[PDB]
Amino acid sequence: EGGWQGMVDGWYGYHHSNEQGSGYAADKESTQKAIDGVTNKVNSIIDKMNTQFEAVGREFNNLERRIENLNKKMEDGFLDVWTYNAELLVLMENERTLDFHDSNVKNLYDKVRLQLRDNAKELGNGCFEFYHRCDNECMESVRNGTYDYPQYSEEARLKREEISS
């Protein structure tokens, strides 16, 4: 549905809500890889510019207006090439960066989805509603890939049986 003010310690992460309370935890692994990926993008865009000494000046007289005009077509030529390519390069890389974040979020979602399976239901908002009770330790266990699903499988099944009747 959106972003999260409360996740102040990372880019991507988790919000949990249980009987013991609620709060945000960041995935520092995928965050730091994003923060390095995007820093390379910017640095590449900047550092690939090769610049040498130039002195652009108007030094043709009034019997050399054909050469002044040649120099003008040139300058405008380069202005246009640079203006368009820099404008489009920003647009294209921005779409790429924003998709990169969406991709990272979706991957963090999948790591959870495979862990929970039928022990929780997908709400379609990036959340999972557990069938069983998930304490603070259970939540930590889902974040760090340690969730062990047999411990709750029996408890969770009866609870979908309860829903289907």
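Start at 1 with the first residue shown and count on from there.
A.B. asks: Which is higher in the entry, the mean Cα B factor of 105-113 or that of 63-71?
C.D. replies: The recorded data point to 105-113.
A.B. asks: Which of these has the highest Cα B-factor in the record: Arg133, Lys48, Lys41, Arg96?
C.D. replies: Checking the PDB record, the top C-alpha B-factor among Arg133, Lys48, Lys41, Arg96 is at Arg133.
A.B. asks: With respect to C-alpha B-factor, does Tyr149 fall in the lowest, middle or highest third of the chain as deposited?
C.D. replies: It falls in the top third of the chain.
A.B. asks: Should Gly13 be placed in the lowest, middle or highest third of its chain by the C-alpha B factor in the entry?
C.D. replies: Ranked within chain, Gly13 CA B lands in the lowest tercile.
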